[PDB]
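The same protein chain appears twice below, in two forms, each given on its own as structure tokens and labelled structure 1 and structure 2.
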Structure 1
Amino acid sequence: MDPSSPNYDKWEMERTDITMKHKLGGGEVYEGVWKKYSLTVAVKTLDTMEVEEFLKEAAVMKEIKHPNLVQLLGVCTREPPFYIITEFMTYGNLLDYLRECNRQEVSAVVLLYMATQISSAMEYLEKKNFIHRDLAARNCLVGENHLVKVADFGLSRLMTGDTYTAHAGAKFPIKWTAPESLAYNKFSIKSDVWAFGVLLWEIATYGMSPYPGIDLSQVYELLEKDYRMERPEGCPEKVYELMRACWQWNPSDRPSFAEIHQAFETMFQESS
């Protein structure tokens, strides 16, 4: 826009500057090119019932910056249809990736690195007192040299699979949702820690669906009296001990991300 103008927004960019394309199977995200720089990018778009919510996401994205969080390049919220441009992550989402990778190339060390990256992003978000709400591998993205960034798709309605079910005013990744949050709709950074713990598990197992076989309805009950996923084949003892600490029934017991990242750094440096 216009610098002197009263509504100047650095992030608002020319909608013509982006050569929209086809969908990256998802709201809806297509893949786009930013002609100016010949760079492929991710464009998230929206007569729908969540405008206050979209622009909110835009707004937030404008406040966060970190090497391990998907990067917002610009927006298009001056005139509809509403856009949201972020860098593209050639490898798509962490969960499929883990399911279609060459495990010789994606060994234990690499998997330990991915967790370290993710933990680092969460430490930031924790420092900025920001609550993710839906941390999980389907929500992390994969780039070159095993670069992993944390994101948010708003998979809630995009998905209905069996991943998400109704609790509160909507759907919730039951298997990723912490106790307190399933029972009181209490979401905190400690709730994200829980989910992280699960995401770890997703990582340890190259992308296997959590609490396999178990039905959503019974998840809480089990966790209630202290039941947990078992260490996955190949997972180091120290990693696993970590998951458990994340999975403590009392939020205040769960380690901070600052602590979680400090533990990984020490492990990832000891292994490379």
Structure 2
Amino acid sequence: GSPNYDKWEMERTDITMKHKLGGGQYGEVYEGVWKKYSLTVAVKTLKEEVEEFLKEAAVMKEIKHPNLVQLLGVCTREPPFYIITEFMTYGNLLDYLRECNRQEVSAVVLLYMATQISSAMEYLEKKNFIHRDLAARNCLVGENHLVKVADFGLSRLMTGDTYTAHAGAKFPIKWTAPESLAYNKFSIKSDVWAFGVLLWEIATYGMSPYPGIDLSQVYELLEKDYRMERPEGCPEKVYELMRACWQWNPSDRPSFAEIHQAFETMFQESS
């Protein structure tokens, strides 16, 4: 209602900062509390660069989905900058899977998780956005196994079909598509490749990918058509989808729209 009104800007003193969450595992991301609504929130901040932060904030102002961690506000009028998002009480999926009782987090739950994530990614796909760091460590868990994709530091709205990373830029090798590793070319399809790896993390309940292989041999192995083996207890149809996500030719990988209806159907069939 006033000249400098901005629907996302919050007054920093409105937020109580507590401690760095995820054991510093995510950088300057802290648990905090939004006093006025007595709400626990996650708050990412900056030290004393900024283009990246502003871009991340900008991206979050544009995406909204049940399975994408929701932006609640920002503090970007002056240092220190804040990106304020809802808090997911159970932390990240990688840790959640590694420490769970497997009769509780059963076969049907694994399908539920994949379905939620693929739903978030179908939404990004349709909006022509790419995530660029899909992995179990970047998904979050809420009540009743609610799962949400998080960490949009590398996300961006694409103008065309690919985005070329600057170079000298290093990536999380084990989750990176061949074309991305070799030519820094990212796209929705490179996110689909990462989703396939994420599915393997879900099927193994949090195991590190490419067991025993040196990060250095990864690309050569993929080039020979080596792919991770079917995890013990992973249904054949799920592994099939895994292999499809890892098709060498990006155009040969399924779309997230396809992946999602495939998972939603398997999820329902296991009621």
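Numbers given to residues start at 1 and step along the sequence of structure 1. Heads up, when I say rigid core I mean the largest set of C-alphas that superpose within 1.5 Å between the two forms.
- Only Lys171, out of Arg99, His146, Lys186, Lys171, shows a C-alpha shift of 2 Å or more between structure 1 and structure 2 on alignment of the rigid core.
- Relative to the superposed rigid core, the position of the CA of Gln71 differs between structure 1 and structure 2 by less than 2 Å.
- With a cut-off of 2 Å and the rigid core superposed, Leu155 has a Cα displacement that reaches or exceeds the cut-off between structure 1 and structure 2.
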